[PDB]
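What follows is one structure encoded as structure tokens, with my remarks underneath.
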RNA sequence: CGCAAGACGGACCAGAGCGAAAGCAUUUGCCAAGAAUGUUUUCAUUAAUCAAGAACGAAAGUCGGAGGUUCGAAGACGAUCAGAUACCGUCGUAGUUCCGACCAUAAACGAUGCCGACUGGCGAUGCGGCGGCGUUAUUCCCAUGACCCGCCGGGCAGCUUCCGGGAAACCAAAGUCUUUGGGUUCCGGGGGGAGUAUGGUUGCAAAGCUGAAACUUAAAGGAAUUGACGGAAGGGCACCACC
């Protein structure tokens, strides 16, 4: 029968929600079914950090970070491999895997 | 080419306006005000193949020329403004963002500051592709 | 244009800031030399000049950027005037995060002079002293008080006190800090900033009032 | 390009890449700067401590 | 999609019969 | 439940901390109180959940305040139950 | 993070005083005396403490002049007393 | 390469060390000739293996105790740790006092000696 | 750098809240409405479920006006393909938006009627009330704020097991059922033929509701298990595989 109990990711007690668009399938899904991945990176990225930081005109100047909120859908998540197939008794976790 | 009459201990600061993402890279060095400007070079001018316009080395080769004409004039330092496409689009840098910096810095030019600027809506008009979106 | 040597036909300049700034040497620009079809000054006025606060005020802070417009030119020195302040993106982004309630309000306000301003502020809820709870959400009734009291403070201090004294209160942020303590009883709150101000209208040039700033 | 011929030496080998294992990731020390290091892709069989002949150090490796 | 099409081909066909009978009288 | 527990005779407040209509006998959770502050030198009697402003005949003209349950008194002691 | 060159505390302190606020201008001064900046007497720690005790006596805060001097003697311990 | 030892070696290697612990050296050749006399190994190549593993085990048995097999002197030191440890002979240090709410239990059970009082602050993690 | 037009409310925004359902996120004010909790107030059986009948009811569509940025059925092109009226790229009408009338349908799904009683454990979260060793706000001090701990209601949910049930998947309800009866409404009878035929009714239109038979056939369908297969995912291996 059902392969879920939530049948989404959450729609409990609520009749409807506003949908939201995938970033790379250009698709349309619910907000509370979409894979929500927030991202932190440095602007310059860490390979060329030494070559840049020395060439600063100043001294004490931490670098900015890059803040982006990404919403992926069901298909464009599996294909970019931020998620994968899991076992029958191993789908019952809600827990993110540690870094 | 005539620069200002002092730059010996100080620097003159331009703004670099690096453009990001796919099928294109611009580097467009301007005034502090940005009202007037100097040379403007693309990765479609360095490399012609219609498919390497977003490549790392095409962005590096661009800035490797632009940074010469800066110092030729008297512009020695650069504040940096970024631009990803945005406007309910990808809103994420291309490959040729990291690239041009590494090349232009080591060519000899100074870096003063760096920041993110991207046009991000507070929710605006519907995105091209339809309900089902692109597939294949 | 495509005139021969078009960066050897340009004329360098300097750009001077008000006396309130410790370092007044903003930087340098260039326009084309005078022709009778369009003169230097007409292509040099009405610009905007983004300048940082930790760069115009040596030195430390890394934001609170100010916009400055050239209203007058004087013999290779371009004098500036306030136009409105803005804030960086990354700072504004980093403070916004899950399990907080964001609080916002604005007002349209007039100065003692003819300047008119439209200030935008922000507050964030505090992740409290020794929560074991994983939320910091607040009631809706409580929020509408905090917004009311964030307008009350920011009108009192800007309706009185002329254009320059406004700027003087915003550079150390005395404005924002005053709100943080005044709202503390009804919810503690950490953070107050004024993310934008937009100079909407402004009065006549007024050369006498102008040169006061560059005195 | 207009850079003169550079010489840089291996410090460590990382692992093999490419779609048949034909490329080799390697870390190399610049041989004039001892705190500078770049990652490269090198075709031929290498050991460690041997010297290469780079035509540029603008190029940098990131994937297969 | 399949069932939704089988219901559609028979809809247009039913409409045609109506027209054809209305035409006959 | 230990599945053998007594229900004839309950504990004084460890089985009378329950909701008032889930007890064996229904009791109120309210009480009266004999007051007599100074603002109004008279022995007034007032219900705990006031529901309305109680007036004073002295210098004052307010004694209570109806909130969402019990009632916030004032700067006048005056307290008793008595008995119930 | 916070500060650097702990000498910026004076600037803020000075900036708030031009508005007429000695309650927070001081706070900024105290936020430094007690912090990672315990590098026992940098040359700028004297002008910080001189301004700090002027405002303590300009508003009347002994229990702050105690914490201020208590931090100062420490960093200025088996080092320099002339300060 | 390869040549990971099979179970037929590891089974008999343990046995041969348990019952002929004394005969062992730590040299290859001596431990070979012993295995040749205390047992017969029907091959020659097999003999050269079982000796080498018997040698490799005997290195580790002269350190802490192995968990696959037993010898006598380890069961001695086992017994010596498991009949008295030098840490205590006293129970536990003879006098230990407790804080209130334990004292209230003892009050209602006819005990009234050897106590201290500290009334530590509220509350959990706070 | 300035101006105009139309559209739209990001991040914050959550197995969170409110609504009968459909649904509902910028500020401030006004207009009427409602749940829960508190109460030693009032009335005194005034109730439960429902043919007839009635209100609301996504999106698309129809009629008459306003508007038309953006996206975009239709349509015209460019590629890909043996073919390609498609997936992909460019352009683009109706429509998308607002005002006034129609239309009554959806996987309108928890695929699970409504009301009542009884029967395990545990930790949370939203709202009200009550009890408390303390930190914390301010005016210096029990106004009522924030954080901590416990208790009592009703609400969205979760975890746990030889409660019990089920064909199993699973479910503190789908439990208290051959030891069968708390109250009541609606509805089902192998698979096709067929939501077709036909007559009635409603609608401007599109269609909606109501709804057969002749004839045909021994399987259709559900859950679960073992294999094989996958232009599914993760490991490992071969010069009859590659480099």
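Header says: electron microscopy, 3.6 Å.
Cβ atoms here come from the backbone N, Cα and C positions, even for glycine.
Residues or ranges marked as compositional bias 'Basic and acidic residues' in Swiss-Prot: F:1-16. Here Swiss-Prot flags F:1-23 as region 'Disordered'. Under the heading phosphoserine, Swiss-Prot lists F:11. Residues or ranges marked as zinc finger by Swiss-Prot on the basis of sequence analysis: F:37-59. The annotation Zn(2+) binding site is assigned in Swiss-Prot to F:37, F:40, F:56, F:59 on the grounds of experimental evidence.
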Pick the one among the binding-site residues F:37, F:40, F:56, F:59 whose Cβ has the fewest other Cβ atoms within 10 Å in this structure.
F:59
Would you identify the secondary structure of residue F:56 (Zn(2+) binding site) according to DSSP, in three states?
coil
Pairwise CA distance, residue F:37 (Zn(2+) binding site) versus the residue listed as 'phosphoserine', rounded so that it is a whole Å:
37
At a 10 Å cut-off from the C-beta of the residue listed as 'phosphoserine', count the other C-beta atoms across all protein chains.
9
Could you tell me the C-alpha distance between residue F:40 (Zn(2+) binding site) and residue F:11 (phosphoserine) in angstrom, no decimals?
42
How many of the residues that make up the compositional bias 'Basic and acidic residues' (F:1-16) does DSSP mark as helix, as strand and as coil?
0 helix, 0 strand, 16 coil
Between the Cα atoms of residue F:11 (phosphoserine) and residue F:56 (Zn(2+) binding site), what distance do you get, rounded to the nearest Å?
41
In the three-state scheme derived from DSSP, which category covers residue F:37 (Zn(2+) binding site)?
coil
